[PDB]
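Chemist: So that you have it, the file is work-v8.cif, and it contains mmCIF, C-alpha atoms and all ligand atoms:
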data_work
loop_
_atom_site.group_PDB
_atom_site.id
_atom_site.type_symbol
_atom_site.label_atom_id
_atom_site.label_comp_id
_atom_site.auth_asym_id
_atom_site.auth_seq_id
_atom_site.Cartn_x
_atom_site.Cartn_y
_atom_site.Cartn_z
ATOM 1 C CA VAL A 3 0.000 0.000 0.000
ATOM 2 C CA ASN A 4 1.194 3.609 -0.712
ATOM 3 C CA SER A 5 -0.039 7.249 -0.143
ATOM 4 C CA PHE A 6 -1.104 8.029 -3.753
ATOM 5 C CA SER A 7 -4.873 8.830 -3.947
ATOM 6 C CA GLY A 8 -7.429 9.312 -6.763
ATOM 7 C CA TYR A 9 -5.390 7.678 -9.579
ATOM 8 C CA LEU A 10 -6.947 5.665 -12.406
ATOM 9 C CA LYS A 11 -5.109 2.344 -12.879
ATOM 10 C CA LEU A 12 -4.021 1.883 -16.528
ATOM 11 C CA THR A 13 -1.925 -1.289 -16.138
ATOM 12 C CA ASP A 14 -0.382 -3.544 -13.483
ATOM 13 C CA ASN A 15 2.191 -0.781 -12.751
ATOM 14 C CA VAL A 16 1.055 2.535 -14.321
ATOM 15 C CA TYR A 17 -1.434 4.933 -12.708
ATOM 16 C CA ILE A 18 -2.626 8.362 -13.962
ATOM 17 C CA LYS A 19 -4.332 11.415 -12.403
ATOM 18 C CA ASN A 20 -5.414 14.945 -13.210
ATOM 19 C CA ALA A 21 -3.474 16.719 -10.421
ATOM 20 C CA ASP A 22 -0.969 19.594 -10.036
ATOM 21 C CA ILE A 23 2.346 17.680 -9.857
ATOM 22 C CA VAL A 24 3.898 20.498 -7.732
ATOM 23 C CA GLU A 25 0.752 20.131 -5.444
ATOM 24 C CA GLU A 26 0.866 16.329 -5.635
ATOM 25 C CA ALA A 27 4.529 16.222 -4.518
ATOM 26 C CA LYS A 28 3.796 18.654 -1.641
ATOM 27 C CA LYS A 29 0.904 16.391 -0.429
ATOM 28 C CA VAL A 30 2.492 12.910 -0.882
ATOM 29 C CA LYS A 31 6.243 13.664 -0.291
ATOM 30 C CA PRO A 32 7.075 10.694 -2.509
ATOM 31 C CA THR A 33 10.467 8.960 -2.333
ATOM 32 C CA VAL A 34 11.056 10.096 -5.981
ATOM 33 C CA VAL A 35 9.585 12.935 -8.027
ATOM 34 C CA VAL A 36 10.663 13.037 -11.689
ATOM 35 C CA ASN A 37 11.626 16.361 -13.265
ATOM 36 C CA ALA A 38 11.265 17.027 -16.995
ATOM 37 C CA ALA A 39 14.854 18.245 -17.186
ATOM 38 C CA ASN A 40 17.107 19.468 -19.986
ATOM 39 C CA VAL A 41 20.793 18.513 -20.308
ATOM 40 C CA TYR A 42 21.910 21.790 -18.629
ATOM 41 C CA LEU A 43 19.454 21.381 -15.686
ATOM 42 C CA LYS A 44 18.229 24.905 -16.486
ATOM 43 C CA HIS A 45 14.792 24.789 -14.856
ATOM 44 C CA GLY A 46 13.291 27.809 -16.785
ATOM 45 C CA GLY A 47 9.746 26.685 -17.617
ATOM 46 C CA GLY A 48 7.299 23.767 -17.678
ATOM 47 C CA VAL A 49 7.601 21.045 -14.984
ATOM 48 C CA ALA A 50 11.240 22.077 -14.282
ATOM 49 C CA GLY A 51 10.299 25.716 -13.862
ATOM 50 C CA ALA A 52 7.299 24.900 -11.643
ATOM 51 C CA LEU A 53 9.179 22.345 -9.488
ATOM 52 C CA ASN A 54 12.146 24.704 -9.136
ATOM 53 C CA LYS A 55 9.884 27.658 -8.188
ATOM 54 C CA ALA A 56 8.257 25.473 -5.470
ATOM 55 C CA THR A 57 11.792 24.877 -3.980
ATOM 56 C CA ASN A 58 12.429 28.662 -3.832
ATOM 57 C CA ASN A 59 15.226 28.135 -6.450
ATOM 58 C CA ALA A 60 17.145 25.651 -4.230
ATOM 59 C CA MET A 61 16.749 23.014 -7.009
ATOM 60 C CA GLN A 62 18.504 25.405 -9.471
ATOM 61 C CA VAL A 63 21.323 26.199 -7.007
ATOM 62 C CA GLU A 64 21.975 22.471 -6.440
ATOM 63 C CA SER A 65 21.710 21.790 -10.181
ATOM 64 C CA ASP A 66 24.233 24.503 -11.095
ATOM 65 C CA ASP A 67 26.793 22.940 -8.725
ATOM 66 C CA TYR A 68 26.042 19.469 -10.279
ATOM 67 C CA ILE A 69 26.687 20.774 -13.819
ATOM 68 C CA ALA A 70 29.815 22.703 -12.811
ATOM 69 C CA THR A 71 31.248 19.386 -11.454
ATOM 70 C CA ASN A 72 29.898 16.824 -13.972
ATOM 71 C CA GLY A 73 28.983 18.651 -17.179
ATOM 72 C CA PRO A 74 25.691 18.250 -19.023
ATOM 73 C CA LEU A 75 23.479 15.172 -18.988
ATOM 74 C CA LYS A 76 22.819 13.128 -22.143
ATOM 75 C CA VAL A 77 19.454 13.324 -23.919
ATOM 76 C CA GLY A 78 17.785 10.128 -22.615
ATOM 77 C CA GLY A 79 19.830 10.289 -19.403
ATOM 78 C CA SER A 80 19.206 11.254 -15.808
ATOM 79 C CA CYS A 81 20.703 12.126 -12.445
ATOM 80 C CA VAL A 82 19.434 11.808 -8.896
ATOM 81 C CA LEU A 83 19.519 14.993 -6.791
ATOM 82 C CA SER A 84 17.688 16.218 -3.729
ATOM 83 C CA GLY A 85 13.889 16.450 -3.695
ATOM 84 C CA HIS A 86 14.134 19.502 -1.403
ATOM 85 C CA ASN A 87 10.706 20.249 0.145
ATOM 86 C CA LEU A 88 8.861 18.164 -2.494
ATOM 87 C CA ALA A 89 10.202 14.585 -2.206
ATOM 88 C CA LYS A 90 13.159 12.647 -0.797
ATOM 89 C CA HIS A 91 14.869 12.617 -4.212
ATOM 90 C CA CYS A 92 14.340 14.261 -7.598
ATOM 91 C CA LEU A 93 15.161 12.120 -10.624
ATOM 92 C CA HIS A 94 16.009 14.666 -13.345
ATOM 93 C CA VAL A 95 15.249 12.893 -16.650
ATOM 94 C CA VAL A 96 15.984 14.362 -20.086
ATOM 95 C CA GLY A 97 13.455 13.382 -22.684
ATOM 96 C CA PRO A 98 14.078 14.486 -26.285
ATOM 97 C CA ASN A 99 12.868 18.017 -27.063
ATOM 98 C CA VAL A 100 11.077 17.911 -30.465
ATOM 99 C CA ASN A 101 11.322 21.788 -30.571
ATOM 100 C CA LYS A 102 15.201 21.247 -30.704
ATOM 101 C CA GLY A 103 15.032 18.393 -33.328
ATOM 102 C CA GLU A 104 16.017 15.491 -30.938
ATOM 103 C CA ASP A 105 15.416 11.801 -31.884
ATOM 104 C CA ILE A 106 12.003 10.697 -30.465
ATOM 105 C CA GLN A 107 13.478 7.097 -30.226
ATOM 106 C CA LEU A 108 15.391 8.559 -27.230
ATOM 107 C CA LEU A 109 12.080 8.721 -25.329
ATOM 108 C CA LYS A 110 12.289 4.980 -24.543
ATOM 109 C CA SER A 111 15.847 5.445 -23.181
ATOM 110 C CA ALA A 112 14.561 8.351 -21.031
ATOM 111 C CA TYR A 113 11.780 6.210 -19.500
ATOM 112 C CA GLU A 114 14.245 3.349 -18.811
ATOM 113 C CA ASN A 115 15.717 5.547 -16.031
ATOM 114 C CA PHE A 116 12.462 5.076 -14.102
ATOM 115 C CA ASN A 117 13.187 1.331 -13.748
ATOM 116 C CA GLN A 118 15.980 2.138 -11.242
ATOM 117 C CA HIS A 119 13.301 3.292 -8.734
ATOM 118 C CA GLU A 120 10.561 1.095 -7.246
ATOM 119 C CA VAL A 121 7.946 3.910 -7.044
ATOM 120 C CA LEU A 122 7.879 7.360 -8.709
ATOM 121 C CA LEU A 123 5.635 10.407 -9.158
ATOM 122 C CA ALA A 124 6.275 11.657 -12.728
ATOM 123 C CA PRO A 125 5.059 13.782 -15.628
ATOM 124 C CA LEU A 126 4.771 12.442 -19.149
ATOM 125 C CA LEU A 127 8.264 12.691 -20.601
ATOM 126 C CA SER A 128 8.676 15.002 -23.681
ATOM 127 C CA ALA A 129 5.091 16.394 -23.364
ATOM 128 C CA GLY A 130 3.826 19.987 -23.776
ATOM 129 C CA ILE A 131 6.824 22.327 -23.774
ATOM 130 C CA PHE A 132 9.112 19.392 -24.808
ATOM 131 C CA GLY A 133 6.959 19.153 -27.983
ATOM 132 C CA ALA A 134 6.121 15.366 -28.318
ATOM 133 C CA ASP A 135 2.643 13.833 -28.638
ATOM 134 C CA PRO A 136 1.546 13.018 -25.037
ATOM 135 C CA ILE A 137 -0.455 9.976 -26.283
ATOM 136 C CA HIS A 138 2.806 8.570 -27.660
ATOM 137 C CA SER A 139 4.638 9.426 -24.425
ATOM 138 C CA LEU A 140 2.040 7.473 -22.395
ATOM 139 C CA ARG A 141 2.362 4.453 -24.743
ATOM 140 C CA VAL A 142 6.182 4.446 -24.396
ATOM 141 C CA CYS A 143 5.830 4.808 -20.602
ATOM 142 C CA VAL A 144 3.501 1.785 -20.366
ATOM 143 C CA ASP A 145 5.685 -0.301 -22.688
ATOM 144 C CA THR A 146 9.011 0.650 -20.971
ATOM 145 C CA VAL A 147 8.521 1.287 -17.236
ATOM 146 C CA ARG A 148 8.149 -1.866 -15.119
ATOM 147 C CA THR A 149 8.285 -0.135 -11.708
ATOM 148 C CA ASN A 150 5.285 1.606 -10.191
ATOM 149 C CA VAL A 151 4.722 5.012 -11.777
ATOM 150 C CA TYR A 152 2.095 7.580 -10.765
ATOM 151 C CA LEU A 153 1.654 10.034 -13.663
ATOM 152 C CA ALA A 154 0.397 13.596 -13.015
ATOM 153 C CA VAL A 155 -1.207 15.123 -16.202
ATOM 154 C CA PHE A 156 -1.596 18.966 -16.090
ATOM 155 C CA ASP A 157 -4.401 19.701 -18.642
ATOM 156 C CA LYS A 158 -7.876 18.337 -17.608
ATOM 157 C CA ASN A 159 -8.608 18.210 -21.349
ATOM 158 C CA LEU A 160 -5.430 16.203 -22.087
ATOM 159 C CA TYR A 161 -5.996 13.874 -19.110
ATOM 160 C CA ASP A 162 -9.454 12.951 -20.463
ATOM 161 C CA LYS A 163 -8.063 12.429 -23.983
ATOM 162 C CA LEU A 164 -5.202 10.195 -22.634
ATOM 163 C CA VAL A 165 -7.681 8.015 -20.674
ATOM 164 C CA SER A 166 -10.314 7.822 -23.467
ATOM 165 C CA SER A 167 -7.717 6.870 -26.131
ATOM 166 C CA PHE A 168 -5.695 4.403 -23.966
ATOM 167 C CA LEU A 169 -5.433 0.901 -25.442
HETATM 168 N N1 LIG B 201 1.905 17.693 -15.157
HETATM 169 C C1 LIG B 201 2.320 19.070 -15.052
HETATM 170 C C2 LIG B 201 2.184 19.666 -13.834
HETATM 171 N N2 LIG B 201 2.558 20.888 -13.695
HETATM 172 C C3 LIG B 201 3.086 21.635 -14.651
HETATM 173 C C4 LIG B 201 3.236 21.146 -15.886
HETATM 174 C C5 LIG B 201 2.840 19.817 -16.092
HETATM 175 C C6 LIG B 201 3.058 19.291 -17.462
HETATM 176 O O1 LIG B 201 3.027 18.054 -17.716
HETATM 177 O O2 LIG B 201 3.314 20.158 -18.319
#
Re-express the file's structure as structure tokens.

Modeler:
Amino acid sequence: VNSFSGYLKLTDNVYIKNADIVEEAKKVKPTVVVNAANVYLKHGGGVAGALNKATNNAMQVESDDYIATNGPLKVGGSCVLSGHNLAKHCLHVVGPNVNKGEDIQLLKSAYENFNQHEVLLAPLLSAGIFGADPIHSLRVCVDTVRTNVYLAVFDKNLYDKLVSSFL
């Protein structure tokens, strides 16, 4: 049993909800929250900007030190950093950004990072400001992630379309 409430069960291991991820993290304090990161961990907008704002910029300060030591992530890669006031840990995952011309085949590699964690709260990788089709992102998630993933979908309209169209 876990703390996640109000999710629709899609598969054995994937759950979905219309909830504010920044509000969901604050309520649940999950072991892992996933960030929709870029390779520079520049948390300027979208999930990264909203999560970072909710940490009062402490996520960005920690991320800048990580990049200064390690250099940029790979597209499809990840790193584990603090979850600050939102979670124990934040798994920063870089999905491909279609609005930068990145290979959508890297979305499966991105989701494979989730398999290193038994339970996660996550957004749909590469969706909205990352420019991929969220229906495709949900299909790759279901077909790639084997651990227990609780997906927070921002747009009530998109949530309903994801559920209605789910095979
Ligand atoms: N699920 C979310 C929650 N908050 C902000 C953005 C999103 C998003 O997926 O864009």

Chemist: For residue 157 in chain A, please output as an MDAnalysis selection string all residues within 10 Å (counting all atoms listed in the file; exclusion window: fewer than 6 positions along the same chain).

Modeler: chainID A and resid 20:22 130 163

Chemist: Kindly compile the residues surrounding ligand LIG 201 (chain B) within 10 Å, counting all atoms listed in the file, and format them as JSON, numbers by chain.

Modeler: {"A": [19, 20, 21, 22, 23, 24, 25, 26, 37, 38, 47, 48, 49, 50, 51, 52, 53, 124, 125, 126, 127, 128, 129, 130, 131, 132, 136, 153, 154, 155, 156, 157, 160, 161]}

Chemist: Please, what distance in Å, to one decimal, runs between CA of residue 112 in chain A and CA of residue 62 in chain A?

Modeler: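 Answer for the CA of residue 112 in chain A to CA of residue 62 in chain A separation: 21.0 Å.
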
Chemist: What is the distance between CA of residue 69 in chain A and CA of residue 133 in chain A, in Å to one decimal?

Modeler: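 Straight-line distance from CA of residue 69 in chain A to CA of residue 133 in chain A works out to 24.3 Å.
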
Chemist: State, in Å with one decimal place, the distance from CA of residue 28 in chain A to CA of residue 88 in chain A.

Modeler: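 If I compute the distance from CA of residue 28 in chain A to CA of residue 88 in chain A, I get 5.2 Å.
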
Chemist: If the PyMOL selection byres (((chain A and resi 169) around 12) and not hetatm) is run on the structure shown, which residues does it catch, given as a list in words?

Modeler: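 This file gives the following for the PyMOL selection byres (((chain A and resi 169) around 12) and not hetatm): residues 12, 13, 137, 138, 140, 141, 144, 145, 163, 164, 165, 166, 167 and 168 of chain A.
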
Chemist: Quick one: of A:63, A:143, A:134, A:43, who's nearest to residue 95 in chain A, counting all atoms listed in the file?

Modeler: A:43

Chemist: Counting only C-alpha atoms, which residue out of A:79, A:32, A:74, A:46 sits closest to residue 110 in chain A?

Modeler: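 Using only C-alpha atoms, the shortest distance to residue 110 in chain A belongs to A:79.
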
Chemist: Check the smallest atom-to-atom distance from each of A:33, A:7, A:54, A:139 to residue 108 in chain A using all atoms listed in the file, then report the winner.

Modeler: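 Looking only at the distances to residue 108 in chain A, the closest residue turns out to be A:139.
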